[PDB]
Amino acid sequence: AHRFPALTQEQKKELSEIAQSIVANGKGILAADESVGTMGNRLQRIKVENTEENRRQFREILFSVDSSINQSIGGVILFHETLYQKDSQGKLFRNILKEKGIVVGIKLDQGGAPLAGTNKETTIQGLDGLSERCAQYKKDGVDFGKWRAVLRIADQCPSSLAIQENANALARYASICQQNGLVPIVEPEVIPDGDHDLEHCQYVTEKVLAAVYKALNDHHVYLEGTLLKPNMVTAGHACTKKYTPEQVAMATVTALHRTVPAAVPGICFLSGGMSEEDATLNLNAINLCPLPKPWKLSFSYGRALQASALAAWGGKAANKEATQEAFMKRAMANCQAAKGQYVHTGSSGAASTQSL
């Protein structure tokens, strides 16, 4: 509250410049910020032991790919550890990435915490000392952050305490990052677990984005210097009905265009477990849906950009190339999807049609 402006014109100019730079010409985001535990889950699928070193090795293969990768990839979100890791010749990754023209980002949330008196719902931690962490990250070469909330549809979820309380941690999160020069990505993911259908997700997704944006305003957040990583709108995991990229597209741009201000510059979708192929086909329909779409509609993918590469790697140095090839192909595909230019092409083996 009121008068007493959160930011200078200059601060805004910087954050709006970073933000627009990452989704600039069909480019997207590679989401490599899996934590120790989450990355172990990934490495498990290819039966690779979750070691720091293995983690360092897979990331180094992805980050050392030809600078051309700049033409699909606008930023890369890193987990803390990886932010401080290095190459073979300790070139820190973060500098391998900045030098190729890629903007570096950082996971700033520190996970869930249960919210008592609720059907298993949570909020997210990490606001304590966030300012000071953001400043050091700004110093170490980071220009955007990521904060993920997780909301479920189930008996009595997403509760109100749940949507408002996760919308306000997001809003504090967003507020602090801006005071430090980082563009905040607000991730209010609504989890595809369960058997609801398309309309149900569409509705919850609309009620969750309306909360976020009003919280977001109550806390004086600067929409122009922010990015949204929403869930696309689909039926749940256990839904038996079958849907089309085009139906996911309508439901998804419908929901957004009723709740996401045109000032937000770019909307980069989470892929969450869709196969790589669907991730791409869906984003591509999203860019051709015949509705008002005032922002860039792009990707911030984690699994949809790294499954087939993980699989080609299998933890063997010897696979460097195949690993590289995979990620590059997914990366290009999502760039065309980002421009509504993708045509069923791209990666084809079971891992692209995988499901995650």
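The first residue of the sequence shown is number 1, and the count goes up from there.
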{"property": "Selected stretch [higher average CA B-factor]: 24-32 or 53-61", "result": "53-61"}
{"property": "Average Cα temperature factor in the PDB entry - higher stretch of 66-74, 42-50", "result": "42-50"}
{"property": "Per the PDB entry, maximal CA B factor within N217, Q202, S88, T226", "result": "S88"}
{"property": "From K241, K207, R133, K146, residue of greatest CA B-factor", "result": "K241"}
{"property": "Relative C-alpha B-factor of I18, binned into the chain's lowest, middle or highest third", "result": "lowest"}
{"property": "Relative C-alpha B-factor of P294, binned into the chain's lowest, middle or highest third", "result": "lowest"}
{"property": "Modelled-residue ranking by C-alpha temperature factor, third containing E99", "result": "highest"}
{"property": "Within-chain third of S347 by Cα B-factor, per the entry", "result": "highest"}
{"property": "Position of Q336 among the chain's modelled residues by C-alpha B-factor, lowest, middle or highest third", "result": "highest"}
